[PDB]
Amino acid sequence: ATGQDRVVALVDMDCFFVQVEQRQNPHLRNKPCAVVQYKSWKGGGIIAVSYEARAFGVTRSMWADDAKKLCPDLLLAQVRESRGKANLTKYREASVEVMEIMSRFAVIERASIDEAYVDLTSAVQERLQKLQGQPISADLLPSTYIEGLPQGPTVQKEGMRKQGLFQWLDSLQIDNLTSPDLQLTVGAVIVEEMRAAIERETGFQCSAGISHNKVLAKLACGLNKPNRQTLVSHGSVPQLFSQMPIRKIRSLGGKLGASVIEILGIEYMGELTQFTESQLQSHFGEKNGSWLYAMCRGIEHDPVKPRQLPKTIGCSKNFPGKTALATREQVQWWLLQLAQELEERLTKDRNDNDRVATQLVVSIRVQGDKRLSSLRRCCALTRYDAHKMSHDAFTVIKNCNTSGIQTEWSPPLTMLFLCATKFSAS
DNA sequence: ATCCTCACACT
DNA sequence: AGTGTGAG
Ligand SMILES: O=c1nc[nH]c2c1ncn2[C@H]1C[C@H](O)[C@@H](COP(=O)(O)OP(=O)(O)OP(=O)(O)O)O1
Ligand SMILES: [Ca+2]
Ligand SMILES: [Ca+2]
């Protein structure tokens, strides 16, 4: 079981929110620019950064005022605000554009607002039969890198890419319709078409990874950005993983990746191969150890889920520091703002996707607590009605109020969160 | 004071 | 049902 059964692609829009504003505002194209939300505090937090601005070291999470110190000619687009909070509608809608184009080629899994996995196994099969037995020309792959090539016995980047592609296509066994390397190559030709279709029909540029599973696809995608795709073959994995830091593989970027590194005394993904599956399972659990055992050999079976629609519709606002909501009527007003956006997006969903949400999830944070949420509670969602939702949300969080007064809210609320979930066909 | 999101595992 | 992790 070499884990070469499937062809999987991960497509990822290049600096997506920036492109969305650059498409709409041509003055911003091919310039250092970023997208920010909320202008008042330190110029606004940066959530997306064009590749021109990145070369000055501008990053996400920075304050816009500080980014202007790194890049004085940085241009800024501010996220729409509605009802006193950020409104992402323009980007969800531009996201819909991209998901619908990709869905014309294969079944996709929406992984985030701007990336989708594609299972190309079947599409590659059909294309292999229409392809008689004729060779794959390099012109079919004008923006594809083959990771690990060129090797063996040109100083500029496009030169390297071409030499690597040529070495790869020279040794392609195009007479064997079951060689896994042929299938990825044909998968990559389809992804070139997918990416040309996206750019022509939206103007949005993107990168893609093509491999045999989701984690290699995602890893491959970020090896050659922007506006390029990378094929990571099963055979490339030992050299690729030998110096790949663990935290770079999807889901090892957090506490678990930190435990793998610490407990085992290792640094790179390839070092995991020296351990038995029983050993990995003993340190990290049955499923995490089985998964680590196979993943460090480049094998993973997580399937491409057929799901293009989010499972939850959510809507939240932080109230940091001195702004924490300390009165009962303050908490009521913002729950109404939240419910009002929620209601408007839910009714778009019902009309667009023939489904209804049946459960309302209310979360709050409390000043003094350490974590994202401090409490989560749930009631029934029977009506796309902003007042009822916010009345029901208040009902189910009223007793969190440690205050003895009735008009006050102690401890003050630092976050409000409303989430419709548990959708059913309608 | 990166804010606002979404999926999923664990219990 | 509620919590926590990991990601965009
Ligand atoms: O913390 C965040 N808070 C609010 N919004 C965020 C956040 N993190 C990412 N986002 C939004 C904007 C980003 O454009 C889009 C895709 O995210 P993401 O793929 O990670 O980065 P990106 O498309 O901007 O650049 P790139 O893929 O070329 O590295 O998600
Ligand atoms: Ca992405
Ligand atoms: Ca992206």
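Chain naming here is simple, since letters A, B, ... match the order of the sequence lines and numbering starts at 1 in each. Just the heavy atoms: all of them, side chains too, but no hydrogens, waters or symmetry mates, feed the values below.
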Atom pairs and distances, side-chain donor-acceptor, residues 92-101 of chain A, under 3.5 Å, sequence neighbours left out:
unit_1, atom_1, unit_2, atom_2, d
A:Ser95, OG, A:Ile113, O, 2.6
A:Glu97, OE1, A:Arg23, NH1, 3.1
A:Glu97, OE2, A:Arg23, NH1, 3.2
A:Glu97, OE2, A:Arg23, NH2, 2.7

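For A:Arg60, there are no side chain to side chain contact (heavy atoms under 4.5 Å, CB included) partners at least two apart in sequence or on another chain. Residues meeting the side-chain hydrogen bond (donor to acceptor under 3.5 Å, both in side chains) test with A:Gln359, sequence neighbours left out: A:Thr421.
Considering only side-chain N and O atoms, A:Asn318 lies under 4.0 angstrom from the phosphate OP1 or OP2 of B:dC4. Listed pair A:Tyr91 / B:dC4 fails the phosphate criterion, with no side-chain N or O lying under 4.0 Å from OP1 or OP2. Regarding contacts with the backbone of B:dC3, every side-chain N or O of A:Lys39 stays at 4.0 angstrom or more from both OP1 and OP2. OP1 or OP2 of B:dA7 lies within a sub-4.0 Å distance of a side-chain N or O belonging to A:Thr312. Within the 4.0 Å cut-off from OP1 or OP2 of B:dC6, at least one side-chain nitrogen or oxygen of A:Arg345 is found.
With rounding to whole Å, A:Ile47 atom CD1 is found 9 Å from B:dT2 atom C1'. Distance, A:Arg110 CZ to B:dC6 P: 7 Å, rounded to whole Å. Rounding to whole angstrom units, CZ of residue A:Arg80 and P of B:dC4 are separated by 16 Å. In this structure, A:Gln78 places its CD atom 12 Å from P of B:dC4, rounding to the nearest Å. Taking atom CZ on A:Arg365 and atom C1' on B:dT5, their separation rounds to 15 Å, with Å as the unit. Rounded to an integer number of Å, the gap from CZ of A:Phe417 to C1' of B:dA7 is 12 Å. Here B:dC6 presents its P atom at 18 Å from OH of A:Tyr117, a figure rounded to the nearest Å. Computed from coordinates, the A:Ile108 CD1 to B:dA7 P distance equals 14 Å when rounded to whole Å.
Comparing the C1' positions of B:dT2 and C:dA7 gives a spacing of 15 Å, expressed to the nearest Å.
Judged purely by distance below 3.5 Å, without hydrogens or angles, the side chains of A:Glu192 and A:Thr144 pair a donor atom with an acceptor atom.
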A:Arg377/A:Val361 under side chain to side chain contact (heavy atoms under 4.5 Å, CB included): CA gap, chis, key distance, verdict: CA-CA 6 Å; A:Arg377 287 264 203 292; A:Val361 177; over 6 Å; no
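Here B:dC4 is the nucleotide among B:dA7, B:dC4, B:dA1 with the atom lying nearest to any side-chain atom of A:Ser316. Of the listed nucleotides (B:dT5, B:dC3, B:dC4), B:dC4 has the atom at the smallest distance from the side chain of A:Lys317.
The residue among A:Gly314 and A:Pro320 whose nearest nucleotide of DNA chain B is located toward the 5' end is A:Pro320.
Note: A:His212 and A:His234 have perpendicular aromatic rings, judged against thresholds of 30 and 60 degrees for the angle between ring planes.
Judged by distance alone, the side chain of A:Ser363 and the main-chain N or O of A:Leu375 form a donor-acceptor pair under 3.5 Å. At distances below 3.5 Å, at least one donor-acceptor pair connects side-chain atoms of A:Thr327 with backbone N or O atoms of A:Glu329.
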Give me the distances for all protein-to-nucleotides 8-11 of chain B N/O pairs that come in under 3.5 Å?
unit_1, atom_1, unit_2, atom_2, d
B:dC8, OP2, A:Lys311, NZ, 2.6

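With ring centers used as reference points, A:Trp334 lies under 6.0 Å from A:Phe319.
Within the structure, side-chain hydrogen bond (donor to acceptor under 3.5 Å, both in side chains) contacts touching residues 246-275 of chain A (residues at least two apart or in different chains) are A:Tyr117-A:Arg250.
Residue contacts for A:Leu338: at a heavy-atom cut-off of 4.0 Å it reaches no nucleic acid atom on any strand shown. Residue A:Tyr38 is classed as a sugar-phosphate contact, given heavy-atom separations below 4.0 Å to backbone atoms only. No contact: A:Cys419 has no heavy atom under 4.0 Å from any strand.
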Sugar-phosphate or base contact per nucleotide [nucleotides 1-8 of chain C; S, B, -; heavy atom under 4.0 Å]: -BBSSSSS
